[PDB]
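S.K.: Please see the structure below; I have some questions.
Read the figures in this text as sums done on the coordinates, not as results from a lab. FYI the Cβ positions are ideal-geometry reconstructions off the backbone, even for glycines, and counts take in every protein chain you see.
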Amino acid sequence: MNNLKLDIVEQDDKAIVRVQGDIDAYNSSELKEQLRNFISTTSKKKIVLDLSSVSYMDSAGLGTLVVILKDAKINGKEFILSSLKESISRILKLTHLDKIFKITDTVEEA
């Protein structure tokens, strides 16, 4: 039933890549695929991520997201994270990722 996925929702001009599951070694190619390909497809430039379902994060996560910073910029797309758990927001900050990413609270504020 459940071992990591994305939901993906084209909004008005923003593309809401909702994520499902905690973010690990499966994501470490899954989301990487489901974004490098989707950023090619995407009609909407503002690639919002939703981390409301991300209960845990591995180092797998952060390397798999930061590589997409280029992939978005390969297609002139934006990139934002939203709904970050407090257990994960700190993680990005601690590993100095937050200072080099973008964080909001709802996908609507992205």
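S.K.: What number of residues within region 57-75 satisfy the criterion of being of a type in the set (V, I, T) and over 11 Å from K32 (Cβ atoms)?
M.R.: The total comes to 1.
S.K.: Any residue in region 34-43 that is touching a residue at least 60 places away in the same chain (Cβ under 8 Å) and surrounded by fewer than 19 Cβ atoms within 10 Å (Cβ to Cβ)?
M.R.: No: region 34-43 contains no residue that is touching a residue at least 60 places away in the same chain (Cβ under 8 Å) and surrounded by fewer than 19 Cβ atoms within 10 Å (Cβ to Cβ).
S.K.: Another question about this same structure. Tell me whether region 93-103 contains one or more residues that are over 22 Å from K5 (Cβ atoms), assigned to a helix (DSSP H, G or I) and in contact with a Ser or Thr (Cβ under 8 Å, 6 or more places away or on another chain).
M.R.: yes
S.K.: Between a first residue in region 89-110 that is on the phi > 0 side of the Ramachandran plot and a second residue that is assigned to a helix (DSSP H, G or I), which pairs have beta carbons less than 7 Å apart while being 6 or more apart in sequence or on different chains?
M.R.: That search, which allows pairs on different chains as well, returns nothing.
S.K.: Here is a further query. So which residues in region 57-88 are surrounded by fewer than 16 Cβ atoms within 10 Å (Cβ to Cβ) and of a type outside the set (D, E)?
M.R.: The answer is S59, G63, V66, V67, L69, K70, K73, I74, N75, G76, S87.
S.K.: Name the pairs: first residue in region 69-87 and over 11 Å from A110 (Cβ atoms), second residue in a helix (DSSP H, G or I), Cβ to Cβ under 6 Å, at least 6 apart or on different chains?
M.R.: Matching pairs, first to second residue: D71/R36; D71/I39; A72/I39; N75/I39; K77/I39.
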